[PDB]
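Shown next are two forms of a single protein chain, provided one at a time as structure tokens under the names structure 1 and structure 2.
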Structure 1
């Protein structure tokens, strides 16, 4: 209904947001520099008032699918070519969009990264990588990004996933679905509320999607969660507004629970059909409510000529304090550094 909340920036609101981002770029080294992240929540208060009003309505809407902020300024000429790999995507020209993504995000909560994702960067990159066309990770193209709750396996999974589209010349859709409980059956719902499923870390948490020199110890937690998954529910909270936690490629029923394996089969067919498209054009920022929706990305053909689709991505928590056991120190934002 209001499941998708959209704000289209006026030209002045777009210009004001860009100016704030560019002041941040002048002051701080990286969009996830510790001194910037300490200051971000209060810097975000200087974003346009009309934007702050609508973000706050989104934040307290427990039936949100996504907040979409359209029409941020992106200078395509100044940005330069789409990097061929996330490792090379921390470009001088792309800093300003990282800073703006963190400012928007800091209206919804606190930004976090993962020790086991893109070398523990808090601002990450989504771009097609040659040789990953058919992979199950966000650098895919030819094969759909299978729908998932972000970091479904983890009790420290984000409350919001933020995406800042820098470029999307072929209008490739982000896919989104919620679960209408009164639509699969209060029978299947009860089975999904039961701690009767295994959810494993997706392939982006593997050493193979990180730099080779990363501490083996960062991946201890990921390997444990692959080998010995905890028995967990797919639904939780109030029955009038249950939260969703499932990954289409990394969820199984606990072996010998055909009632569970039956409900999961049913959920996977349902959500696959229910998946709807949101197209993020250049300058469009989305925050997906990761408690309410699964998301993915349509298949596309990458041209690998520097013109390809490029997003900046961020994880947002409503409650940074709750993850302190998994972080190095109070201010550190990288889950699994502890």
Structure 2
């Protein structure tokens, strides 16, 4: 229970995982700050708290803030993982049977702490069509959705994708705060190693030669959503500097532009590459991850849910480096829900 941090490689990605282990004093400091926020503010995503969240985040332990800041500017990061936060399992109570029942009094402190960590990386956002536009969402298995294509699945693999791949307002980070995970169930993660892929295919993937359609998981805004399915814009899968390209792809919702067989080939080459390159991150209770959604796709393996209140439960959040850029898709300046207007 000493503080430690370091770099865990995956293939050629030398800083793929940045791991921080909290000392017991650091875990207690973070818990005390989250509990004070829960006393003073309405909700982990109420306007009063989110106006202050980026400043309150500055009260987290300094050594942790320095390591999170290094992760924030690492444009080859896959996952920042902060291990060893305090979770009182007894006080938390059972895993709820549905996200609609999961915004519990006992779990508030973990929503506040997830937003505090997240607010070191950017500004938290949610989505009108996802869990009623909650910014702090819940990942837990739902009975009768075992074979579903959403994060409430268990028995079937959650297929890998860039989060909200279709959207110009897609998150920079996806945050996950594990409350319990008795069977050590993993998030799957992959990035592109351009040195494992034919330069010709990489060139095609930088072309605006693909359609990324919304999941059925997804008005001027919702007019844009109907258009995105029926008349999808021609988009690239890779963008930015050749030395540090961003990745945007959905294994289930990406196709080449009509009649572009070459693009179809490059896409299916990339799908097989990322499929073969998938690795896993397991979050024990009190472990928090931020996936760099610019760099990695993510999903989840089949697992065996009991639905007895002991199942895996994460709090989840989306983070943007640039809240202002999505103002056209938000209700007002301070509102954080994409597609609310």
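Only the largest set of C-alpha atoms that superpose within 1.5 Å between the two forms is called the rigid core. Residue numbers count along the first chain shown, from 1.
In the core-aligned comparison between the two structures, the C-alpha of 221 is the only one from 83, 221, 128, 178 that shifts by 2 Å or more. Superposing the two forms on their core, we find that the Cα atom of residue 231 is displaced by 1.2 Å between the two structures. For residue 255, the CA shift between the two structures after superposing the rigid core equals 2.1 Å.
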